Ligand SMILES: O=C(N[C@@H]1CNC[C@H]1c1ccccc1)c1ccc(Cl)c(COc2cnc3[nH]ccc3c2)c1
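In structure tokens, the next block holds one chain alone, the form solved without the ligand.
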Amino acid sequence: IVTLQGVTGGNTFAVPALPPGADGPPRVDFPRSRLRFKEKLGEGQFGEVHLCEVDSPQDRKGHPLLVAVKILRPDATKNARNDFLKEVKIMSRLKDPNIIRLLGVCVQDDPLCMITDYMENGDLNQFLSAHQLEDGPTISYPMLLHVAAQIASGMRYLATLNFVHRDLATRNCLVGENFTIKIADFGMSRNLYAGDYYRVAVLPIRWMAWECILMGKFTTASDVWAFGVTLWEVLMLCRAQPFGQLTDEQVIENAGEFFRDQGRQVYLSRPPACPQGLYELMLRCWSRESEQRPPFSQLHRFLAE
């Protein structure tokens, strides 16, 4: 019923009817000549996402600035251009330390470009999956909770705006110096994460709540379910895929069992690094009834303290 993929490949947010801006993007277009291509993160139907460096960004500090660049095709239809510009207005509202920010745009010419901040160490799945827990590089358990706490605060902020992410996961959490986290939305565009999506729509079924799969009902409570799975990833140091032993069909089968709720379902097991109390809170995010799932305000309080 619902497609989540945006025009340039990434996933889009579910947003209320937004008042016209009267906050917003920069009034001046970003000089394209200042974008040095580095890599192609992913692609969509009418565009692509690039990683680019920027020299002398005054117009981490000493090194060059990494940025993601959404690029619409020059031959994009008027509907595609309107969709891209809907994404712009949404990303222009995002102003939080743990959320990516719209840094510039290139509208007055072709192709349409969206410049957003990008973190130094790429996404958290690739970075964390190489670490091991302290008794390759190592990470402490307090630093893990520090990562999870930032993700909670990011969603808490999105919750205050009535935004719904609909594709939260470690692959959409960007990491930089000192385990600074910024939530983003590029993973859906990446070949590297195809296994995380089921073709139909193309959906991240392993992170979706049962009502997203069986009714297409995405809400803040369904982002809490995804945050539950994401927290599980972090405490597993991103070593395995959620329900990785199951096929994509068995994952939909399992969603029906969450709905039937007769004990035939299976939940993710407690990660070795996870205390009992944190696992219990993790399980509350997977409650059958949306209302029984914790709010991000309460998740942020537990993880920060």
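Numbering starts at 1 and follows the sequence shown. Each form is matched to the other, and the largest set of C-alpha atoms that superpose within 1.5 Å is called the rigid core.
This next part talks about the form solved in complex with the ligand, which is not shown.
Using a 2.4 Å cut-off against backbone and C-beta atoms, the ligand, superposed onto this form from its pose in the bound PDB entry, places 3 or more atoms that close, and the site is blocked.
When contacts are defined as a non-hydrogen atom within 4.5 Å, all of 87, 116 and 185 contact the ligand in the bound PDB entry. With a 4.5 Å cutoff on heavy atoms, residue 232 does not count as touching the ligand in the bound PDB entry; it lies far away.
Remark: residue 122 counts among the residues lining the ligand in the bound PDB entry, judged by a heavy atom distance of 4.5 Å or less.
With a 4.5 Å cutoff on heavy atoms, residue 268 does not count as touching the ligand in the bound PDB entry; it lies far away. Of the heavy atoms in residue 112, none are within 4.5 Å of the ligand in the bound PDB entry. Exactly one of the stretches 224-232, 142-150, 157-165, 73-81 approaches the ligand in the bound PDB entry with heavy atoms within 4.5 Å, and it is 157-165. Contacts between 86-110 and the ligand, taken as any heavy atom within 4.5 Å in the bound PDB entry, involve 87, 90, 91, 94, 99, 100. Only 106, out of 192, 143, 214, 106, shows a C-alpha shift of 2 Å or more between the shown form and the other one on alignment of the rigid core.
In the core-superposed comparison between the shown form and the other one, residue 44 has its Cα shifted by at least 2 Å. When the rigid core is held fixed, the Cα atom of residue 81 travels 2 angstroms or more between the shown form and the other one.
The Cα position of residue 115 differs by 2 Å or more between the shown form and the other one after fitting on the rigid core.
Note: residue 120-residue 42 Cα separation is 3 Å or more shorter in the bound PDB entry than here. Cα of residue 51 to Cα of residue 192: at least 3 Å longer in the bound PDB entry than in the shown structure.
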